[PDB]
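Visitor: One structure, pasted below without further comment.
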Amino acid sequence: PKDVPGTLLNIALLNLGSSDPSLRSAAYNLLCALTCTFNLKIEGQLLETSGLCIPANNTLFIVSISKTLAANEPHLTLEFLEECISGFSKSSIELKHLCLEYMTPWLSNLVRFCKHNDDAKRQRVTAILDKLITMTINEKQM
Amino acid sequence: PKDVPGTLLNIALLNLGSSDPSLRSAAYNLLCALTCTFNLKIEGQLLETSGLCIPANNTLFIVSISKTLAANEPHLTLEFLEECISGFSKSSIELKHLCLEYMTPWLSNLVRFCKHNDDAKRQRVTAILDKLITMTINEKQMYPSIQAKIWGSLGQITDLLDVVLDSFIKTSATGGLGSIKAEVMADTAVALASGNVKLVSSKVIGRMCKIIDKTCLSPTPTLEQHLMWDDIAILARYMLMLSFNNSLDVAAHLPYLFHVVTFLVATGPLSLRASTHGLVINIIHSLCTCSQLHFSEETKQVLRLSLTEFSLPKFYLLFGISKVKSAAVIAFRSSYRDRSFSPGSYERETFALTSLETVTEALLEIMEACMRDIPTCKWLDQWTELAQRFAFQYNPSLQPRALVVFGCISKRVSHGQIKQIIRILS
């Protein structure tokens, strides 16, 4: 579990924009644990709680957290993007528009990995791009 | 034709992103004529021609022209937007996404028209906003993206906030307390308020405190039978949504938030009662996670115990939502865009002024803990004044509750005050 900080962080943010009032609150709590357990640095402060009424139009909140983490938490990038793409297909149309909004900051951070001393991590980025190429072919409306 | 340049410019840009190779080229030429005839200033250069092979993925090109013209060609604004909205509906799904892309840069320019010497042009902008409000209600699928572009950005213009908010309330009024139109405008205010928390909070609160102050004119046995009841109910849903993540600025408005909580606890349909409970749970949470205030580590322990207490079955009974497993579920409804709310079971529990003391003293315990750290705080002196005004004024729906609270919080009493209390009993 200590080896998958990036894989969980996508589950918390994807479901914060959900449509079930009792699934946002549970997703808020998971995000709180991650920052303390892994010392992730964010703008504000978070306090675990039960009983919160989190609003449905929770969109510019997610984009703000994602933008911050991408800026000053780069190492999560590769494992973050791999999951975010995989979460795109399974989600519905309305949630698809969200995934774009907070995915974009991370995309710009691939710079370092493209020349990562040919450590076979370079082979990973090409897999991500090949995945992105598949969304464009299929998602005609967007 | 000279009178309507803005109307044509939208036809050129809409048809440049088309899917017919012989309709892009015809549209490029029309755009070329417009710049020469009207001396529009753009970045590059354009040369009329026939036979051009214009690519299909012509998207960032359109957005670059629209961005430039909007920047340094403002006078076209009003007639441009009016047409662009009308063209939104008729186009297909794929073209709808384009209209958003090049519409946004213009939205800044509404700054000057909002105060255009009341030349009846101000009446025009409000029509545009009323038009934008209608796209949001209908285009459910693109909801996550309209909020980030239209309202997220339109709400960062200080001078324009006041008028925008006013239209939100008027549209909600017609729908009613449970109507979809009023339900959605409650959510949209969250995105509008992210730009200026300090200004939307002190303007949705400032309307509530005044509506309550106007029930004195035509006193009624209970609020729910008052004419202005519907205005109060919708304005409360706004307060619920803005409370999460400290979008109601507590560090300055805590007096005016408790003051209304105490006048609402255990009043209304079961949905409205789970809303007030949630509203308190969020004002306390905002305190624990606020940086403007610097609470010592001693105080923060007091708050966290309060946070847990309010979620016990004891306080569900005080607020009047016992037999409800979780408040969040009842407060929000999933199918709030498709259908309007369907209230029922008009049978409504009673309230006991002894219950109000128990809550009214739980809040007072929280506030004093804060005042210990915050030096020379004025919270308690502002809250008392608000109570003392309704306590000694005839209003058969608010007076009893404003006496049980005036005494529970007040710190000093004089002979002149006691005589009034004892002559209200007579």
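Chain labels follow the order of the structure tokens: the first chain is A, the next B, and so on; residue numbering restarts at 1 in every chain, and ligands are counted from 1 in their shown order.
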Got a sec to pull out which chain A residues are within 9 Å of chain B, counting only C-alpha atoms, and send them as a PyMOL selection string?
Guide: chain A and resi 17+19-22+44-47+49-61+93-95+97-98+101+140-142
Visitor: Mind checking which residues fall within 10 Å of residue 172 in chain B, counting only C-alpha atoms, ignoring those fewer than 2 positions away in the same chain, and posting them as a PDB file with N, CA and C atoms, in the first residue's frame?
Guide:
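And here's selection-v6.pdb as it stands now:
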ATOM      1  N   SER B 167     -29.869  38.039 -10.923  1.00  0.00           N
ATOM      2  CA  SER B 167     -30.601  37.192 -11.852  1.00  0.00           C
ATOM      3  C   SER B 167     -30.743  35.781 -11.312  1.00  0.00           C
ATOM      4  N   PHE B 168     -29.756  35.311 -10.549  1.00  0.00           N
ATOM      5  CA  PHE B 168     -29.856  33.969  -9.997  1.00  0.00           C
ATOM      6  C   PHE B 168     -31.090  33.833  -9.122  1.00  0.00           C
ATOM      7  N   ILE B 169     -31.352  34.829  -8.280  1.00  0.00           N
ATOM      8  CA  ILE B 169     -32.473  34.732  -7.353  1.00  0.00           C
ATOM      9  C   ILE B 169     -33.797  34.832  -8.099  1.00  0.00           C
ATOM     10  N   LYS B 170     -33.889  35.742  -9.071  1.00  0.00           N
ATOM     11  CA  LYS B 170     -35.152  35.925  -9.780  1.00  0.00           C
ATOM     12  C   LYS B 170     -35.549  34.664 -10.531  1.00  0.00           C
ATOM     13  N   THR B 174     -39.316  31.948  -9.586  1.00  0.00           N
ATOM     14  CA  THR B 174     -40.454  31.449 -10.352  1.00  0.00           C
ATOM     15  C   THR B 174     -40.616  29.948 -10.178  1.00  0.00           C
ATOM     16  N   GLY B 175     -39.508  29.209 -10.184  1.00  0.00           N
ATOM     17  CA  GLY B 175     -39.605  27.764 -10.077  1.00  0.00           C
ATOM     18  C   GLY B 175     -40.274  27.326  -8.790  1.00  0.00           C
ATOM     19  N   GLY B 176     -39.838  27.881  -7.670  1.00  0.00           N
ATOM     20  CA  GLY B 176     -40.324  27.488  -6.364  1.00  0.00           C
ATOM     21  C   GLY B 176     -39.245  26.784  -5.558  1.00  0.00           C
ATOM     22  N   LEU B 177     -39.624  26.417  -4.333  1.00  0.00           N
ATOM     23  CA  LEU B 177     -38.643  25.892  -3.389  1.00  0.00           C
ATOM     24  C   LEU B 177     -38.019  24.600  -3.897  1.00  0.00           C
ATOM     25  N   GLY B 178     -38.831  23.697  -4.437  1.00  0.00           N
ATOM     26  CA  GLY B 178     -38.357  22.424  -4.935  1.00  0.00           C
ATOM     27  C   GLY B 178     -38.153  22.349  -6.432  1.00  0.00           C
ATOM     28  N   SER B 179     -38.245  23.468  -7.144  1.00  0.00           N
ATOM     29  CA  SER B 179     -38.174  23.437  -8.597  1.00  0.00           C
ATOM     30  C   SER B 179     -36.752  23.182  -9.080  1.00  0.00           C
ATOM     31  N   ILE B 180     -36.655  22.622 -10.286  1.00  0.00           N
ATOM     32  CA  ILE B 180     -35.351  22.338 -10.871  1.00  0.00           C
ATOM     33  C   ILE B 180     -34.598  23.632 -11.132  1.00  0.00           C
ATOM     34  N   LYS B 181     -35.281  24.622 -11.706  1.00  0.00           N
ATOM     35  CA  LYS B 181     -34.618  25.883 -12.007  1.00  0.00           C
ATOM     36  C   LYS B 181     -33.979  26.471 -10.758  1.00  0.00           C
ATOM     37  N   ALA B 182     -34.675  26.401  -9.625  1.00  0.00           N
ATOM     38  CA  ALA B 182     -34.110  26.921  -8.387  1.00  0.00           C
ATOM     39  C   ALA B 182     -33.061  25.983  -7.816  1.00  0.00           C
ATOM     40  N   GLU B 183     -33.208  24.680  -8.042  1.00  0.00           N
ATOM     41  CA  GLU B 183     -32.222  23.737  -7.531  1.00  0.00           C
ATOM     42  C   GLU B 183     -30.869  23.930  -8.199  1.00  0.00           C
ATOM     43  N   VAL B 184     -30.855  24.149  -9.514  1.00  0.00           N
ATOM     44  CA  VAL B 184     -29.586  24.248 -10.224  1.00  0.00           C
ATOM     45  C   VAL B 184     -28.872  25.542  -9.868  1.00  0.00           C
ATOM     46  N   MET B 185     -29.611  26.648  -9.785  1.00  0.00           N
ATOM     47  CA  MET B 185     -28.968  27.915  -9.473  1.00  0.00           C
ATOM     48  C   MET B 185     -28.277  27.858  -8.122  1.00  0.00           C
ATOM     49  N   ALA B 186     -28.741  26.986  -7.228  1.00  0.00           N
ATOM     50  CA  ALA B 186     -28.049  26.810  -5.959  1.00  0.00           C
ATOM     51  C   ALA B 186     -26.656  26.243  -6.177  1.00  0.00           C
ATOM     52  N   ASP B 231     -39.107  33.070  -0.396  1.00  0.00           N
ATOM     53  CA  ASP B 231     -37.829  33.746  -0.567  1.00  0.00           C
ATOM     54  C   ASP B 231     -36.811  33.238   0.441  1.00  0.00           C
ATOM     55  N   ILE B 234     -35.407  29.331  -0.385  1.00  0.00           N
ATOM     56  CA  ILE B 234     -34.414  29.190  -1.442  1.00  0.00           C
ATOM     57  C   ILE B 234     -33.091  29.800  -1.012  1.00  0.00           C
ATOM     58  N   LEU B 235     -33.130  30.970  -0.381  1.00  0.00           N
ATOM     59  CA  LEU B 235     -31.893  31.584   0.074  1.00  0.00           C
ATOM     60  C   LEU B 235     -31.156  30.714   1.077  1.00  0.00           C
TER      61      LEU B 235
END
Visitor: Considering only alpha helix (DSSP H) as DSSP defines it on the backbone, what residues of range 30-118 of chain A qualify? List them as a PyMOL selection string.
Guide: chain A and resi 30-38+60-72+77-90+93-107
Visitor: Fewer than 5 positions away in the same chain doesn't count, so skip those; otherwise give me all residues within 9 Å of range 208-211 of chain B, counting only C-alpha atoms, as a PyMOL selection string.
Guide: chain B and resi 203+228+231-232+235-236+256+259-260
Visitor: What is the CA of residue 166 in chain B to CA of residue 107 in chain B distance in Å?
Guide: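 A separation of 18.0 Å between them.
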Visitor: Counting only C-alpha atoms, what is within 8 Å of residue 109 in chain A, bar same-chain residues fewer than 6 positions away, as a list in words?
Guide: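 Counting only the stated atoms, we get residues 70, 74 and 77 of chain A.
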Visitor: Between CA of residue 91 in chain B and CA of residue 5 in chain B, what is the spacing in Å?
Guide: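 Atom-to-atom, CA of residue 5 in chain B and CA of residue 91 in chain B are spaced 21.1 Å apart.
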Visitor: Skip residue 108 in chain A itself and residues of its chain fewer than 3 positions away, then list as a CSV table (one decimal) with N, CA and C atoms, in the first residue's frame all residues within 12 Å of it, counting only C-alpha atoms.
Guide:
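Saved as around_28.csv:
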chain,number,residue,atom,x,y,z
A,67,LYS,N,-4.1,20.5,-9.7
A,67,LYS,CA,-3.1,21.4,-10.2
A,67,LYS,C,-2.0,21.6,-9.2
A,70,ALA,N,0.3,18.2,-9.0
A,70,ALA,CA,1.1,18.1,-10.2
A,70,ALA,C,2.3,19.0,-10.2
A,71,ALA,N,2.1,20.2,-9.7
A,71,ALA,CA,3.2,21.2,-9.7
A,71,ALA,C,4.4,20.8,-8.9
A,74,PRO,N,6.0,15.8,-8.5
A,74,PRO,CA,6.1,15.2,-9.8
A,74,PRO,C,6.2,13.7,-9.9
A,77,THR,N,3.9,11.2,-11.2
A,77,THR,CA,3.3,11.4,-12.5
A,77,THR,C,3.0,10.1,-13.2
A,78,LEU,N,4.0,9.3,-13.5
A,78,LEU,CA,3.8,8.2,-14.4
A,78,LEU,C,2.7,7.3,-13.9
A,81,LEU,N,-0.8,9.0,-14.3
A,81,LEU,CA,-1.4,9.1,-15.6
A,81,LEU,C,-1.9,7.7,-16.1
A,102,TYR,N,-8.8,17.8,-14.8
A,102,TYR,CA,-7.7,17.7,-13.9
A,102,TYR,C,-6.6,16.8,-14.4
A,103,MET,N,-6.7,16.2,-15.6
A,103,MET,CA,-5.7,15.4,-16.1
A,103,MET,C,-4.6,16.3,-16.8
A,104,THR,N,-5.0,17.5,-17.3
A,104,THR,CA,-4.1,18.3,-18.1
A,104,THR,C,-2.9,18.8,-17.4
A,105,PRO,N,-3.0,19.2,-16.1
A,105,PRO,CA,-1.7,19.7,-15.5
A,105,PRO,C,-0.6,18.6,-15.5
A,111,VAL,N,8.1,15.8,-19.2
A,111,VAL,CA,9.4,16.3,-19.7
A,111,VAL,C,10.5,15.5,-19.1
A,112,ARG,N,10.6,15.3,-17.8
A,112,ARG,CA,11.8,14.6,-17.2
A,112,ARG,C,11.9,13.2,-17.6
A,113,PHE,N,10.8,12.5,-17.7
A,113,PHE,CA,10.8,11.1,-17.9
A,113,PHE,C,11.2,10.7,-19.3
A,114,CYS,N,11.0,11.6,-20.3
A,114,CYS,CA,11.3,11.3,-21.7
A,114,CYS,C,12.8,11.0,-21.9
Visitor: Write out as a PDB file with N, CA, C and O atoms, in the first residue's frame the residues lying within 12 Å of residue 206 in chain B, counting only C-alpha atoms and excluding same-chain residues fewer than 6 positions away.
Guide:
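Everything below was put into result25.pdb:
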ATOM      1  N   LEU B 199     -16.942  38.261  -1.234  1.00  0.00           N
ATOM      2  CA  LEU B 199     -17.967  39.138  -1.783  1.00  0.00           C
ATOM      3  C   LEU B 199     -19.293  38.442  -2.019  1.00  0.00           C
ATOM      4  O   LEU B 199     -20.343  39.061  -1.850  1.00  0.00           O
ATOM      5  N   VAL B 200     -19.283  37.176  -2.431  1.00  0.00           N
ATOM      6  CA  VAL B 200     -20.542  36.461  -2.589  1.00  0.00           C
ATOM      7  C   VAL B 200     -21.111  36.085  -1.230  1.00  0.00           C
ATOM      8  O   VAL B 200     -22.330  36.100  -1.024  1.00  0.00           O
ATOM      9  N   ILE B 212     -35.678  38.438   6.718  1.00  0.00           N
ATOM     10  CA  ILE B 212     -36.185  38.193   8.062  1.00  0.00           C
ATOM     11  C   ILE B 212     -36.606  39.502   8.714  1.00  0.00           C
ATOM     12  O   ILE B 212     -37.600  39.558   9.447  1.00  0.00           O
ATOM     13  N   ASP B 213     -35.870  40.579   8.446  1.00  0.00           N
ATOM     14  CA  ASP B 213     -36.166  41.856   9.075  1.00  0.00           C
ATOM     15  C   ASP B 213     -37.428  42.490   8.525  1.00  0.00           C
ATOM     16  O   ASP B 213     -37.883  43.500   9.069  1.00  0.00           O
ATOM     17  N   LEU B 235     -33.130  30.970  -0.381  1.00  0.00           N
ATOM     18  CA  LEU B 235     -31.893  31.584   0.074  1.00  0.00           C
ATOM     19  C   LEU B 235     -31.156  30.714   1.077  1.00  0.00           C
ATOM     20  O   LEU B 235     -29.949  30.893   1.260  1.00  0.00           O
ATOM     21  N   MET B 239     -27.087  29.011   1.161  1.00  0.00           N
ATOM     22  CA  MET B 239     -26.169  29.038   2.291  1.00  0.00           C
ATOM     23  C   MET B 239     -25.597  27.658   2.569  1.00  0.00           C
ATOM     24  O   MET B 239     -24.424  27.532   2.933  1.00  0.00           O
ATOM     25  N   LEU B 248     -18.443  30.306   2.803  1.00  0.00           N
ATOM     26  CA  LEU B 248     -19.054  31.339   3.627  1.00  0.00           C
ATOM     27  C   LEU B 248     -17.975  31.802   4.590  1.00  0.00           C
ATOM     28  O   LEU B 248     -17.546  31.036   5.457  1.00  0.00           O
ATOM     29  N   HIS B 253     -18.120  36.409   9.354  1.00  0.00           N
ATOM     30  CA  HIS B 253     -19.577  36.362   9.335  1.00  0.00           C
ATOM     31  C   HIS B 253     -20.158  35.381  10.339  1.00  0.00           C
ATOM     32  O   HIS B 253     -21.350  35.069  10.257  1.00  0.00           O
ATOM     33  N   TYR B 256     -23.460  36.504  12.014  1.00  0.00           N
ATOM     34  CA  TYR B 256     -24.668  36.513  11.200  1.00  0.00           C
ATOM     35  C   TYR B 256     -25.075  35.128  10.728  1.00  0.00           C
ATOM     36  O   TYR B 256     -26.147  34.988  10.132  1.00  0.00           O
ATOM     37  N   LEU B 257     -24.255  34.108  10.969  1.00  0.00           N
ATOM     38  CA  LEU B 257     -24.622  32.748  10.605  1.00  0.00           C
ATOM     39  C   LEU B 257     -25.351  32.044  11.743  1.00  0.00           C
ATOM     40  O   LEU B 257     -26.389  31.412  11.522  1.00  0.00           O
ATOM     41  N   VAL B 260     -29.005  33.306  12.234  1.00  0.00           N
ATOM     42  CA  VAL B 260     -30.045  32.739  11.385  1.00  0.00           C
ATOM     43  C   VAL B 260     -30.264  31.262  11.679  1.00  0.00           C
ATOM     44  O   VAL B 260     -31.376  30.755  11.503  1.00  0.00           O
TER      45      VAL B 260
END
Visitor: If I take CA of residue 88 in chain B and CA of residue 106 in chain B, how far is one from the other in Å, to one decimal?
Guide: 15.2 Å
Visitor: Hey, which of A:135, A:121, A:63, A:106 ends up closest to residue 76 in chain A? Count only C-alpha atoms.
Guide: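 For residue 76 in chain A, the nearest of the given residues is A:106.
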Visitor: For residue 30 in chain B, please output as a compact mmCIF listing (two decimals) with N, CA and C atoms, in the first residue's frame all residues within 10 Å (counting only C-alpha atoms; exclusion window: fewer than 4 positions along the same chain).
Guide:
# COMPACT_ATOMS: atom_id res chain seq x y z
N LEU B 8 -22.53 38.77 -38.67
CA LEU B 8 -21.90 37.97 -39.71
C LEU B 8 -20.66 37.26 -39.18
N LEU B 9 -19.90 37.93 -38.31
CA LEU B 9 -18.63 37.37 -37.86
C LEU B 9 -18.82 36.02 -37.20
N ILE B 11 -21.11 33.84 -38.14
CA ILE B 11 -21.37 32.88 -39.20
C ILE B 11 -20.06 32.40 -39.80
N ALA B 12 -19.09 33.30 -39.93
CA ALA B 12 -17.79 32.91 -40.46
C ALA B 12 -17.09 31.93 -39.53
N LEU B 13 -17.09 32.20 -38.23
CA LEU B 13 -16.34 31.35 -37.31
C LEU B 13 -17.04 30.03 -37.04
N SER B 25 -13.95 26.54 -47.02
CA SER B 25 -13.33 27.51 -47.91
C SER B 25 -14.26 28.69 -48.16
N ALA B 26 -15.55 28.42 -48.38
CA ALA B 26 -16.49 29.52 -48.56
C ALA B 26 -16.55 30.39 -47.32
N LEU B 34 -14.74 40.56 -44.39
CA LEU B 34 -15.16 41.33 -43.22
C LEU B 34 -14.05 42.22 -42.72
N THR B 35 -12.82 41.72 -42.68
CA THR B 35 -11.73 42.50 -42.13
C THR B 35 -11.46 43.74 -42.97
N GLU B 48 -8.19 36.50 -50.05
CA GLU B 48 -9.27 35.74 -50.66
C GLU B 48 -8.72 34.83 -51.75
